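*Asks:* Take a look at data_20.tsv, TSV, C-alpha atoms:
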chain	number	residue	atom	x	y	z
Y	1	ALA	CA	23.33	-4.11	20.89
Y	2	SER	CA	23.58	-5.78	17.55
Y	3	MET	CA	19.83	-6.35	17.13
Y	4	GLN	CA	17.44	-3.56	18.12
Y	5	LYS	CA	13.87	-4.25	19.14
Y	6	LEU	CA	11.74	-1.45	17.63
Y	7	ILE	CA	9.44	0.92	19.48
Y	8	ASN	CA	6.94	1.73	16.82
Y	9	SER	CA	4.32	4.37	16.28
Y	10	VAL	CA	0.60	3.70	15.79
Y	11	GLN	CA	-1.23	6.31	13.72
Y	12	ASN	CA	-4.78	6.81	15.14
Y	13	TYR	CA	-6.29	7.96	11.81
Y	14	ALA	CA	-10.05	8.09	12.06
Y	15	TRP	CA	-10.48	5.25	9.55
Y	16	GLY	CA	-8.52	2.76	11.54
Y	17	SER	CA	-9.74	-0.35	13.28
Y	18	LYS	CA	-10.39	-0.04	16.96
Y	19	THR	CA	-9.73	-3.75	17.44
Y	20	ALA	CA	-7.51	-5.35	14.75
Y	21	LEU	CA	-4.11	-4.72	16.31
Y	22	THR	CA	-5.39	-5.79	19.65
Y	23	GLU	CA	-7.06	-8.99	18.39
Y	24	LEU	CA	-3.99	-9.96	16.26
Y	25	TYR	CA	-1.16	-8.90	18.48
Y	26	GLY	CA	-2.42	-7.96	21.95
Y	27	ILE	CA	-1.55	-4.31	21.53
Y	28	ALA	CA	-3.34	-2.33	24.19
Y	29	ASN	CA	-6.16	0.05	23.35
Y	30	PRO	CA	-8.18	0.63	26.55
Y	31	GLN	CA	-9.84	3.83	25.27
Y	32	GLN	CA	-10.71	2.25	21.96
Y	33	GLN	CA	-8.99	4.65	19.62
Y	34	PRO	CA	-8.90	3.88	15.91
Y	35	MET	CA	-5.54	2.21	15.18
Y	36	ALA	CA	-4.95	2.67	11.49
Y	37	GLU	CA	-1.29	2.01	10.84
Y	38	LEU	CA	1.67	0.65	12.78
Y	39	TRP	CA	4.83	2.23	11.34
Y	40	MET	CA	8.25	0.39	11.23
Y	41	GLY	CA	10.89	2.67	9.85
Y	42	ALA	CA	12.50	6.08	10.09
Y	43	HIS	CA	9.81	8.45	8.75
Y	44	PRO	CA	10.46	12.04	10.02
Y	45	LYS	CA	6.75	12.48	11.06
Y	46	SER	CA	7.14	9.55	13.51
Y	47	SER	CA	10.30	7.49	13.46
Y	48	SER	CA	10.52	4.09	15.13
Y	49	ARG	CA	12.88	4.24	18.18
Y	50	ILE	CA	15.55	1.93	19.46
Y	51	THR	CA	16.88	1.55	23.05
Y	52	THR	CA	20.63	2.23	23.74
Y	54	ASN	CA	22.56	2.59	28.26
Y	55	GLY	CA	18.74	2.64	28.69
Y	56	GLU	CA	17.82	5.77	26.66
Y	57	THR	CA	15.67	5.57	23.51
Y	58	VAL	CA	16.72	7.28	20.30
Y	59	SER	CA	15.08	7.85	17.00
Y	60	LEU	CA	16.01	5.18	14.44
Y	61	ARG	CA	16.17	8.03	11.92
Y	62	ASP	CA	18.67	9.99	14.01
Y	63	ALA	CA	20.65	6.81	14.66
Y	64	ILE	CA	20.86	6.01	10.93
Y	65	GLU	CA	21.76	9.64	10.27
Y	66	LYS	CA	24.79	9.31	12.62
Y	67	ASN	CA	25.99	6.13	11.04
Y	68	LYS	CA	24.66	5.76	7.52
Y	69	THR	CA	27.13	3.34	5.93
Y	70	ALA	CA	27.24	1.09	8.96
Y	71	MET	CA	23.50	1.04	9.43
Y	72	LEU	CA	22.24	1.03	5.84
Y	73	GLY	CA	25.14	-0.58	4.07
Y	74	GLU	CA	27.26	1.20	1.48
Y	75	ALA	CA	24.94	0.44	-1.45
Y	76	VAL	CA	21.82	1.87	0.15
Y	77	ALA	CA	23.79	4.75	1.73
Y	78	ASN	CA	25.09	5.87	-1.73
Y	79	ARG	CA	21.97	5.22	-3.72
Y	80	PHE	CA	19.36	6.71	-1.42
Y	81	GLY	CA	21.09	8.43	1.45
Y	82	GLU	CA	18.45	7.22	3.88
Y	83	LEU	CA	16.41	4.11	4.78
Y	84	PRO	CA	14.60	3.79	1.43
Y	85	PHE	CA	11.38	2.24	2.70
Y	86	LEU	CA	8.64	2.45	5.26
Y	87	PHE	CA	7.00	-0.73	6.47
Y	88	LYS	CA	3.49	-0.69	7.96
Y	89	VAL	CA	0.75	-2.83	9.33
Y	90	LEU	CA	-2.43	-1.36	7.82
Y	91	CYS	CA	-5.78	-1.84	9.66
Y	92	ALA	CA	-8.66	0.27	8.32
Y	93	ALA	CA	-12.20	0.01	9.65
Y	94	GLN	CA	-13.45	1.18	6.26
Y	95	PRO	CA	-12.65	1.50	2.55
Y	96	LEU	CA	-9.90	3.98	1.73
Y	97	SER	CA	-9.38	6.33	-1.20
Y	98	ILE	CA	-8.50	5.22	-4.68
Y	99	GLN	CA	-4.96	6.30	-5.47
Y	100	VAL	CA	-2.47	6.41	-8.32
Y	101	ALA	CA	1.30	6.66	-7.88
Y	102	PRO	CA	3.03	8.61	-10.56
Y	103	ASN	CA	6.29	7.24	-11.88
Y	104	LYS	CA	9.66	8.63	-10.89
Y	105	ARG	CA	10.09	11.02	-13.89
Y	106	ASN	CA	6.58	12.49	-13.58
Y	107	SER	CA	6.91	12.83	-9.78
Y	108	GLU	CA	10.08	14.90	-10.42
Y	109	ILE	CA	8.35	16.99	-13.08
Y	110	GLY	CA	5.29	17.40	-10.85
Y	111	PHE	CA	7.31	18.40	-7.78
Y	112	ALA	CA	9.16	21.05	-9.85
Y	113	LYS	CA	6.13	22.28	-11.87
Y	114	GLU	CA	4.42	23.05	-8.57
Y	115	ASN	CA	7.26	24.74	-6.64
Y	116	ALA	CA	7.68	27.15	-9.56
Y	117	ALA	CA	4.15	28.38	-8.83
Y	118	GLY	CA	4.46	28.18	-5.06
Y	120	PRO	CA	2.09	25.83	-1.79
Y	121	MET	CA	2.71	22.65	0.27
Y	122	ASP	CA	-0.35	21.98	2.43
Y	123	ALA	CA	-2.97	23.35	-0.08
Y	124	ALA	CA	-5.56	21.16	-1.92
Y	125	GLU	CA	-4.30	22.14	-5.38
Y	126	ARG	CA	-0.94	20.42	-4.51
Y	127	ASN	CA	-0.16	16.92	-5.87
Y	128	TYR	CA	3.59	16.50	-5.29
Y	129	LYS	CA	5.06	16.78	-1.80
Y	130	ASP	CA	8.33	15.30	-3.07
Y	131	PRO	CA	9.87	14.03	-6.35
Y	132	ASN	CA	9.97	10.27	-5.44
Y	133	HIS	CA	7.95	7.51	-6.90
Y	134	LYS	CA	6.01	5.24	-4.60
Y	135	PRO	CA	6.24	1.59	-5.53
Y	136	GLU	CA	4.47	-0.53	-2.92
Y	137	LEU	CA	3.73	-4.11	-1.97
Y	138	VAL	CA	0.76	-5.28	0.10
Y	139	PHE	CA	0.84	-8.66	1.84
Y	140	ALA	CA	-2.38	-9.89	3.36
Y	141	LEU	CA	-2.49	-10.70	7.04
Y	142	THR	CA	-6.25	-11.28	7.14
Y	143	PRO	CA	-8.50	-11.60	4.11
Y	144	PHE	CA	-7.91	-8.33	2.28
Y	145	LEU	CA	-10.22	-6.70	-0.28
Y	146	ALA	CA	-8.67	-4.31	-2.74
Y	147	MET	CA	-8.85	-2.81	-6.15
Y	148	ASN	CA	-5.89	-2.88	-8.56
Y	149	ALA	CA	-5.61	-1.94	-12.20
Y	150	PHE	CA	-8.01	-1.83	-15.06
Y	151	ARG	CA	-10.02	-4.85	-16.03
Y	152	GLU	CA	-9.74	-6.51	-19.42
Y	153	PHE	CA	-11.81	-4.34	-21.73
Y	154	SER	CA	-14.30	-7.15	-22.47
Y	155	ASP	CA	-14.77	-7.50	-18.64
Y	156	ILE	CA	-15.50	-3.74	-18.37
Y	157	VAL	CA	-17.98	-3.96	-21.25
Y	158	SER	CA	-19.92	-6.75	-19.44
Y	159	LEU	CA	-20.00	-4.92	-16.13
Y	160	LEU	CA	-21.01	-1.62	-17.70
Y	161	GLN	CA	-23.96	-3.06	-19.80
Y	162	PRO	CA	-26.35	-3.02	-16.77
Y	163	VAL	CA	-25.55	0.69	-16.13
Y	164	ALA	CA	-25.25	1.97	-19.75
Y	165	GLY	CA	-27.93	4.48	-18.93
Y	166	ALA	CA	-26.05	6.06	-16.05
Y	167	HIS	CA	-23.84	8.35	-18.17
Y	168	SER	CA	-23.24	9.10	-21.88
Y	169	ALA	CA	-19.49	8.38	-21.39
Y	170	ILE	CA	-20.47	4.80	-20.56
Y	171	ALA	CA	-22.49	4.43	-23.76
Y	172	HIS	CA	-19.56	6.05	-25.67
Y	173	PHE	CA	-17.09	3.47	-24.25
Y	174	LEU	CA	-19.57	0.57	-24.95
Y	175	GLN	CA	-19.80	1.79	-28.60
Y	176	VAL	CA	-15.98	1.49	-28.90
Y	177	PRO	CA	-14.26	-0.10	-25.83
Y	178	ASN	CA	-10.70	1.06	-26.17
Y	179	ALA	CA	-8.09	2.82	-23.99
Y	180	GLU	CA	-8.95	6.25	-25.35
Y	181	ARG	CA	-12.60	5.96	-24.44
Y	182	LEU	CA	-11.69	4.28	-21.12
Y	183	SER	CA	-9.63	7.34	-20.30
Y	184	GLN	CA	-12.55	9.60	-21.26
Y	185	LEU	CA	-14.90	7.48	-19.13
Y	186	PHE	CA	-12.63	7.51	-16.11
Y	187	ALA	CA	-12.29	11.33	-16.35
Y	188	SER	CA	-16.02	11.82	-17.10
Y	189	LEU	CA	-16.99	9.79	-14.05
Y	190	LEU	CA	-14.74	11.69	-11.73
Y	191	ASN	CA	-15.90	14.98	-13.17
Y	192	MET	CA	-19.67	14.31	-12.77
Y	193	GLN	CA	-21.58	17.17	-11.10
Y	194	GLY	CA	-25.04	17.99	-9.75
Y	195	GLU	CA	-27.81	16.38	-11.74
Y	196	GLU	CA	-25.37	14.51	-14.02
Y	197	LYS	CA	-23.87	12.89	-10.94
Y	198	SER	CA	-27.21	12.19	-9.16
Y	199	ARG	CA	-28.53	10.52	-12.30
Y	200	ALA	CA	-25.52	8.25	-12.69
Y	201	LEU	CA	-25.50	7.30	-8.98
Y	202	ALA	CA	-29.27	6.59	-9.04
Y	203	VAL	CA	-28.87	4.15	-11.98
Y	204	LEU	CA	-25.92	2.44	-10.24
Y	205	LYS	CA	-27.73	2.02	-6.92
Y	206	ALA	CA	-30.78	0.60	-8.75
Y	207	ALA	CA	-28.54	-1.93	-10.51
Y	208	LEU	CA	-27.39	-3.23	-7.20
Y	209	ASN	CA	-30.87	-4.59	-6.63
Y	210	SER	CA	-30.77	-6.63	-9.89
Y	211	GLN	CA	-27.12	-7.64	-10.09
Y	212	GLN	CA	-25.70	-10.19	-7.64
Y	213	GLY	CA	-22.16	-11.13	-6.67
Y	214	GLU	CA	-18.95	-9.29	-7.33
Y	215	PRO	CA	-18.14	-6.57	-8.06
Y	216	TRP	CA	-21.65	-5.40	-7.19
Y	217	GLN	CA	-21.17	-6.58	-3.65
Y	218	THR	CA	-17.98	-4.53	-3.37
Y	219	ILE	CA	-19.88	-1.48	-4.58
Y	220	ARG	CA	-22.45	-2.03	-1.76
Y	221	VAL	CA	-19.57	-2.28	0.79
Y	222	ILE	CA	-18.12	1.00	-0.50
Y	223	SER	CA	-21.48	2.77	-0.68
Y	224	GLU	CA	-21.84	2.42	3.11
Y	225	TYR	CA	-18.99	4.94	3.50
Y	226	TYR	CA	-19.08	6.83	0.18
Y	227	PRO	CA	-22.77	7.11	-0.78
Y	228	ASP	CA	-22.20	10.23	-2.91
Y	229	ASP	CA	-18.90	9.41	-4.63
Y	230	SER	CA	-18.33	8.83	-8.32
Y	231	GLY	CA	-15.76	6.28	-7.23
Y	232	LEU	CA	-18.71	3.88	-6.65
Y	233	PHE	CA	-18.39	3.07	-10.36
Y	234	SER	CA	-14.69	2.10	-9.98
Y	235	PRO	CA	-15.23	-1.64	-9.21
Y	236	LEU	CA	-16.70	-1.87	-12.70
Y	237	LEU	CA	-13.47	-0.53	-14.29
Y	238	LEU	CA	-10.85	-1.90	-11.85
Y	239	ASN	CA	-10.07	-5.45	-10.72
Y	240	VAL	CA	-11.50	-6.33	-7.35
Y	241	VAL	CA	-9.12	-8.68	-5.59
Y	242	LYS	CA	-9.71	-10.66	-2.42
Y	243	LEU	CA	-6.20	-11.58	-1.13
Y	244	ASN	CA	-6.00	-14.57	1.13
Y	245	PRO	CA	-3.57	-14.31	4.05
Y	246	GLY	CA	-0.09	-14.82	2.71
Y	247	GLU	CA	-0.84	-13.45	-0.79
Y	248	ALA	CA	0.69	-10.24	-2.06
Y	249	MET	CA	0.37	-7.68	-4.83
Y	250	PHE	CA	2.77	-5.15	-6.19
Y	251	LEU	CA	1.25	-1.75	-6.91
Y	252	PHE	CA	2.77	-0.55	-10.17
Y	253	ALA	CA	2.98	3.10	-11.07
Y	254	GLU	CA	0.30	4.90	-13.10
Y	255	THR	CA	-2.34	2.42	-12.01
Y	256	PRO	CA	-5.37	3.05	-9.87
Y	257	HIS	CA	-5.72	0.99	-6.73
Y	258	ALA	CA	-7.46	0.94	-3.37
Y	259	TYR	CA	-7.51	-0.71	-0.06
Y	260	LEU	CA	-11.05	-1.60	0.91
Y	261	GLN	CA	-11.12	-4.01	3.88
Y	262	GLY	CA	-8.84	-6.07	6.07
Y	263	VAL	CA	-5.34	-6.14	7.51
Y	264	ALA	CA	-2.10	-6.15	5.58
Y	265	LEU	CA	1.53	-5.40	5.67
Y	266	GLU	CA	2.45	-2.55	3.35
Y	267	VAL	CA	5.97	-1.81	2.14
Y	268	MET	CA	6.59	1.37	0.30
Y	269	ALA	CA	9.25	3.59	-1.03
Y	270	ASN	CA	9.48	6.98	0.70
Y	271	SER	CA	7.16	9.46	-0.73
Y	272	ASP	CA	4.27	11.42	0.76
Y	273	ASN	CA	2.71	11.97	-2.66
Y	274	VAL	CA	-0.98	10.93	-2.74
Y	275	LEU	CA	-2.83	11.41	-6.07
Y	276	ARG	CA	-6.47	10.39	-5.46
Y	277	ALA	CA	-8.94	8.96	-8.00
Y	278	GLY	CA	-12.17	8.72	-6.01
Y	279	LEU	CA	-13.58	7.60	-2.64
Y	280	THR	CA	-12.60	10.96	-1.16
Y	281	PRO	CA	-14.29	14.24	-0.36
Y	282	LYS	CA	-11.17	16.15	-1.44
Y	283	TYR	CA	-10.60	18.14	-4.56
Y	284	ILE	CA	-9.09	15.95	-7.32
Y	285	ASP	CA	-7.12	17.51	-10.20
Y	286	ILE	CA	-8.47	15.26	-12.91
Y	287	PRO	CA	-6.24	16.43	-15.75
Y	288	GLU	CA	-3.13	15.78	-13.62
Y	289	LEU	CA	-4.50	12.40	-12.61
Y	290	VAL	CA	-5.28	11.34	-16.18
Y	291	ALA	CA	-1.82	12.40	-17.33
Y	292	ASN	CA	-0.38	9.93	-14.76
Y	293	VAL	CA	-2.62	6.97	-15.60
Y	294	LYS	CA	-1.77	4.15	-18.06
Y	295	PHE	CA	-5.13	3.00	-19.48
Y	296	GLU	CA	-4.00	-0.59	-20.14
Y	297	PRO	CA	-5.86	-3.64	-18.85
Y	298	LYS	CA	-4.24	-5.97	-16.46
Y	299	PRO	CA	-5.55	-9.54	-16.50
Y	300	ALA	CA	-6.55	-10.99	-13.17
Y	301	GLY	CA	-4.00	-13.80	-13.49
Y	302	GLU	CA	-1.18	-11.28	-13.43
Y	303	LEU	CA	-2.21	-9.30	-10.32
Y	304	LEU	CA	-0.66	-11.31	-7.47
Y	305	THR	CA	3.12	-11.46	-6.97
Y	306	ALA	CA	4.39	-15.00	-7.46
Y	307	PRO	CA	6.86	-15.69	-4.67
Y	308	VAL	CA	9.82	-17.98	-4.88
Y	309	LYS	CA	10.71	-20.47	-2.09
Y	310	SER	CA	14.31	-21.39	-1.44
Y	311	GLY	CA	15.03	-23.28	1.80
Y	312	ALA	CA	13.14	-21.50	4.57
Y	313	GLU	CA	12.90	-18.22	2.62
Y	314	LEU	CA	9.88	-17.12	0.47
Y	315	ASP	CA	11.00	-14.08	-1.56
Y	316	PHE	CA	8.42	-11.75	-3.19
Y	317	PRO	CA	10.22	-10.38	-6.25
Y	318	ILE	CA	9.81	-6.60	-6.46
Y	319	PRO	CA	10.58	-4.86	-9.79
Y	320	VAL	CA	12.31	-1.86	-8.23
Y	321	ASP	CA	15.39	-1.40	-6.12
Y	322	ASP	CA	13.82	0.58	-3.33
Y	323	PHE	CA	12.97	-2.45	-1.19
Y	324	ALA	CA	12.70	-6.22	-1.12
Y	325	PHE	CA	10.43	-8.44	0.95
Y	326	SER	CA	10.69	-12.03	2.17
Y	327	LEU	CA	9.02	-14.40	4.61
Y	328	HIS	CA	11.02	-16.80	6.70
Y	329	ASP	CA	9.87	-20.07	8.11
Y	330	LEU	CA	10.95	-20.70	11.65
Y	331	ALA	CA	11.79	-24.06	13.18
Y	332	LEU	CA	13.86	-25.41	16.06
Y	333	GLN	CA	17.03	-25.57	13.92
Y	334	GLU	CA	18.25	-22.00	13.33
Y	335	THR	CA	18.36	-20.40	9.92
Y	336	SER	CA	20.65	-17.55	8.97
Y	337	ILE	CA	19.04	-14.38	7.69
Y	338	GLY	CA	21.40	-11.99	6.04
Y	339	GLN	CA	21.48	-9.13	3.64
Y	340	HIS	CA	23.78	-6.41	2.51
Y	341	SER	CA	21.45	-3.71	3.81
Y	342	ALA	CA	19.54	-2.69	6.87
Y	343	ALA	CA	16.63	-5.03	7.62
Y	344	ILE	CA	13.48	-4.90	9.60
Y	345	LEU	CA	12.22	-8.23	10.86
Y	346	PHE	CA	8.57	-8.62	11.93
Y	347	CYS	CA	6.99	-11.60	13.67
Y	348	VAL	CA	3.86	-12.51	11.61
Y	349	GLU	CA	2.86	-15.48	13.74
Y	350	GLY	CA	4.24	-17.89	16.26
Y	351	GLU	CA	7.38	-16.74	18.07
Y	352	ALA	CA	10.82	-15.75	16.87
Y	353	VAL	CA	14.10	-16.05	18.71
Y	354	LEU	CA	16.77	-14.04	17.03
Y	355	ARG	CA	20.44	-14.60	17.92
Y	356	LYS	CA	23.59	-12.63	17.01
Y	357	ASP	CA	26.75	-14.02	18.71
Y	358	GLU	CA	25.81	-13.87	22.48
Y	359	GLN	CA	22.67	-11.64	22.06
Y	360	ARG	CA	19.27	-13.20	22.05
Y	361	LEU	CA	16.00	-11.29	21.22
Y	362	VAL	CA	12.53	-12.74	21.30
Y	363	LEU	CA	9.81	-11.32	19.07
Y	364	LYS	CA	6.16	-12.17	19.60
Y	365	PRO	CA	3.59	-11.62	16.86
Y	366	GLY	CA	3.43	-8.02	15.88
Y	367	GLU	CA	6.87	-7.08	17.27
Y	368	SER	CA	9.84	-6.16	15.11
Y	369	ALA	CA	13.62	-5.58	15.22
Y	370	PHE	CA	15.99	-3.48	13.22
Y	371	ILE	CA	19.18	-5.15	11.97
Y	372	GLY	CA	21.82	-2.76	10.79
Y	373	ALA	CA	23.89	-3.78	7.71
Y	374	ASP	CA	27.04	-4.22	9.84
Y	375	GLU	CA	25.13	-6.68	12.09
Y	376	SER	CA	24.05	-9.10	9.34
Y	377	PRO	CA	23.48	-12.07	9.52
Y	378	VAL	CA	21.33	-13.12	12.44
Y	379	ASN	CA	20.13	-16.59	13.26
Y	380	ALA	CA	16.45	-17.21	13.62
Y	381	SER	CA	14.55	-19.99	15.29
Y	382	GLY	CA	11.20	-20.65	16.90
Y	383	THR	CA	7.83	-21.28	15.26
Y	384	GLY	CA	5.73	-19.51	12.68
Y	385	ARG	CA	7.05	-16.87	10.29
Y	386	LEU	CA	9.08	-13.71	10.21
Y	387	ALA	CA	8.71	-11.10	7.52
Y	388	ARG	CA	11.74	-9.15	6.41
Y	389	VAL	CA	12.02	-5.85	4.58
Y	390	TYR	CA	15.47	-5.14	3.16
Y	391	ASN	CA	17.30	-4.10	0.04
Y	392	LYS	CA	18.79	-6.57	-2.46
Y	393	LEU	CA	21.32	-4.14	-3.99
Rewrite the coordinates I just gave you, this time as structure tokens.
*Replies:*
Amino acid sequence: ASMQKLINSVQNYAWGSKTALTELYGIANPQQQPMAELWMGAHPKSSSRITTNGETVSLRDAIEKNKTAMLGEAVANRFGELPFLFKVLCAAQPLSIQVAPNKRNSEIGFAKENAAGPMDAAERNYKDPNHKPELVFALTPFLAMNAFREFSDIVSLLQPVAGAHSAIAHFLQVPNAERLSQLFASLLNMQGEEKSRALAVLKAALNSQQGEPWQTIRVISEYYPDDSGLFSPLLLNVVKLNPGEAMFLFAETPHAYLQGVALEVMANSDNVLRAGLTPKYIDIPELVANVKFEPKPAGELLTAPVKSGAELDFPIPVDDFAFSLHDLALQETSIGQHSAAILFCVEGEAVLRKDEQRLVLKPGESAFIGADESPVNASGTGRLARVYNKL
């Protein structure tokens, strides 16, 4: 079959929503497990499957058998694999702050660590040498953190808590990238009485400061009462994405997913460098070496999409993946690409057609389109998201 409806995995991580996938898409959950992520792709931990004959097969194994045909020649020769994983993300709670090292440093990190051999230890930062560019696209109102605030913004937010830590006072005295780096490291390295002091001052400020990002700190404190990451909304932009809005997560930049439901598209890497809101050991020197202490103005945080006909493209500044939304109507529109694609029904109902084959997707369902099977015609109502490669 030219178009392959996907059988996808749902990760039941303890942080996931017990209800979000059910309420959005009607996915069953009779025993009320946490449903954290719905995976669309060919990840070796849990590949999506396709149906042949009647038998199911791993999408990963199927691509493996047939790389050029499935991925296209460009993707096949550049990456050697499907170069992205596409998820629906549905936490019940705020998640860890993370930084993605760039490609060069991920390579260096992966090698530095092997030469001292241990994969599943807590000292380990680099599971592979890939970078991890990512886009998030809000499905429901989505609260996140991304990038450092303008320095003057940080100064204003830190004034009320100047007494929490001497690193704050030091930054306030000269608010520059050097002292921002020292502050960031100082905060994450707070211990014992130094840490209880700082957290006591912060929690007292919440009673006298109103609005954001103070409210965001309250939200986080429900789950991370004893985490130096509670100060992060004062350093990092807090963003409330409306459904349909997106943000690209650049390298070397702290970010976090705090509340809501989104699509996530990422390059393939299992590397996770944390920067707070975690009980795990953090290697602060390694983290600091992979952070660019440059402000990002709020006006620059969301990706500006571009509409052409029925297609809304979200320009991504890397080659690893591309992302577009497609309006559906009665009159078919042709959706084609030089690569493999995954198509996901965001809302309404999608009827895909390739020659004689018809495939209906309801919201939350997806299909894989191999490169050799492009283009397909789409009709119906609502919108289809597509992950692909523009190479």
*Asks:* Using only C-alpha atoms, which residue out of Y:207, Y:295, Y:233, Y:96 lies closest to residue 181 (chain Y)?
*Replies:* Y:295
*Asks:* Neighbours of region 321-329 of chain Y within 9 Å (all atoms listed in the file; same-chain residues fewer than 2 positions away dropped), as a count of residues only?
*Replies:* 39
*Asks:* So which one's closest to residue 102 (chain Y), Y:25, Y:39, Y:252, Y:153? Using only C-alpha atoms, please.
*Replies:*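 Nearest candidate to residue 102 (chain Y) out of Y:25, Y:39, Y:252, Y:153: Y:252.
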*Asks:* Report, in Å to a single decimal, how far apart CA of residue 69 (chain Y) and CA of residue 379 (chain Y) are.
*Replies:*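 Those two atoms sit 22.4 Å apart.
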*Asks:* Record the distance separating CA of residue 66 (chain Y) and CA of residue 378 (chain Y), expressed in Å with one decimal.
*Replies:* 22.7 Å
*Asks:* Residues within 9 Å of residue 5 (chain Y), please, as a ChimeraX atom specification. Count only C-alpha atoms; anything in the same chain fewer than 5 positions from it doesn't count.
*Replies:* /Y:49-51,361-363,367-371
*Asks:* Counting all atoms listed in the file, which of Y:196, Y:125, Y:358, Y:62 gets nearest to residue 284 (chain Y)?
*Replies:* Y:125
*Asks:* Smallest atom-to-atom distance to residue 351 (chain Y): which of Y:219, Y:166, Y:332, Y:159, using only C-alpha atoms?
*Replies:*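 Answer, going by the shortest atom-to-atom distance: Y:332.
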*Asks:* Measuring atom to atom with all atoms listed in the file, identify which of Y:149, Y:232, Y:179, Y:203 is nearest to residue 167 (chain Y).
*Replies:*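 Closest to residue 167 (chain Y) of all the choices is Y:203.
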*Asks:* Have a look at Y:45, Y:173, Y:32, Y:240 and name the one nearest to residue 147 (chain Y); count only C-alpha atoms.
*Replies:*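 Residue with the minimum atom-to-atom distance to residue 147 (chain Y): Y:240.
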*Asks:* So which residues touch residue 376 (chain Y) within 9 Å, counting only C-alpha atoms, skipping near sequence neighbours fewer than 3 positions away, as a PyMOL selection string?
*Replies:* chain Y and resi 2+337-343+356+371-373
*Asks:* Just the residues within 9 Å of residue 304 (chain Y), please, counting all atoms listed in the file, with nothing from its chain fewer than 5 positions along; format it as a VMD selection string.
*Replies:* chain Y and resid 243 247 to 250
*Asks:* Please extract region 116-161 of chain Y and write it out with C-alpha atoms, as a PDB file, in the first residue's frame.
*Replies:*
ATOM      1  CA  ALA Y 116      37.557   7.638  26.083  1.00  0.00           C
ATOM      2  CA  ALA Y 117      36.904   7.433  29.829  1.00  0.00           C
ATOM      3  CA  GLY Y 118      34.259   4.723  29.592  1.00  0.00           C
ATOM      4  CA  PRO Y 120      29.782   4.524  30.895  1.00  0.00           C
ATOM      5  CA  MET Y 121      26.404   4.800  29.099  1.00  0.00           C
ATOM      6  CA  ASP Y 122      23.615   4.571  31.677  1.00  0.00           C
ATOM      7  CA  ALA Y 123      25.532   6.359  34.540  1.00  0.00           C
ATOM      8  CA  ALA Y 124      24.602   9.829  35.933  1.00  0.00           C
ATOM      9  CA  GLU Y 125      27.986  11.357  35.073  1.00  0.00           C
ATOM     10  CA  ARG Y 126      27.171  10.754  31.335  1.00  0.00           C
ATOM     11  CA  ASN Y 127      25.967  13.659  29.139  1.00  0.00           C
ATOM     12  CA  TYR Y 128      26.331  12.347  25.568  1.00  0.00           C
ATOM     13  CA  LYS Y 129      24.533   9.193  24.465  1.00  0.00           C
ATOM     14  CA  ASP Y 130      25.324  10.024  20.833  1.00  0.00           C
ATOM     15  CA  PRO Y 131      27.149  12.728  18.794  1.00  0.00           C
ATOM     16  CA  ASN Y 132      24.023  14.343  17.193  1.00  0.00           C
ATOM     17  CA  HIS Y 133      22.609  17.721  17.841  1.00  0.00           C
ATOM     18  CA  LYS Y 134      18.965  18.042  18.753  1.00  0.00           C
ATOM     19  CA  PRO Y 135      17.218  20.902  17.009  1.00  0.00           C
ATOM     20  CA  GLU Y 136      13.509  20.846  17.834  1.00  0.00           C
ATOM     21  CA  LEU Y 137      10.252  22.586  17.067  1.00  0.00           C
ATOM     22  CA  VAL Y 138       7.217  22.714  19.359  1.00  0.00           C
ATOM     23  CA  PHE Y 139       3.776  23.512  17.955  1.00  0.00           C
ATOM     24  CA  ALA Y 140       1.009  24.151  20.432  1.00  0.00           C
ATOM     25  CA  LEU Y 141      -2.100  22.009  20.329  1.00  0.00           C
ATOM     26  CA  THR Y 142      -3.595  23.443  23.518  1.00  0.00           C
ATOM     27  CA  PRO Y 143      -2.356  26.528  25.324  1.00  0.00           C
ATOM     28  CA  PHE Y 144       1.256  25.662  26.074  1.00  0.00           C
ATOM     29  CA  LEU Y 145       3.471  27.224  28.767  1.00  0.00           C
ATOM     30  CA  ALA Y 146       7.197  27.056  28.249  1.00  0.00           C
ATOM     31  CA  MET Y 147      10.499  28.673  28.913  1.00  0.00           C
ATOM     32  CA  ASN Y 148      12.925  29.558  26.115  1.00  0.00           C
ATOM     33  CA  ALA Y 149      16.132  31.533  26.122  1.00  0.00           C
ATOM     34  CA  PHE Y 150      17.508  34.284  28.255  1.00  0.00           C
ATOM     35  CA  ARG Y 151      15.581  37.459  28.807  1.00  0.00           C
ATOM     36  CA  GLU Y 152      16.876  40.857  27.749  1.00  0.00           C
ATOM     37  CA  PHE Y 153      19.338  41.831  30.449  1.00  0.00           C
ATOM     38  CA  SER Y 154      17.271  44.860  31.537  1.00  0.00           C
ATOM     39  CA  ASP Y 155      14.273  42.435  31.953  1.00  0.00           C
ATOM     40  CA  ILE Y 156      16.411  40.153  34.175  1.00  0.00           C
ATOM     41  CA  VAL Y 157      17.556  43.131  36.242  1.00  0.00           C
ATOM     42  CA  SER Y 158      13.901  44.133  36.921  1.00  0.00           C
ATOM     43  CA  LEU Y 159      12.829  40.630  37.864  1.00  0.00           C
ATOM     44  CA  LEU Y 160      15.844  40.048  40.087  1.00  0.00           C
ATOM     45  CA  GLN Y 161      15.500  43.361  42.105  1.00  0.00           C
TER      46      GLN Y 161
END
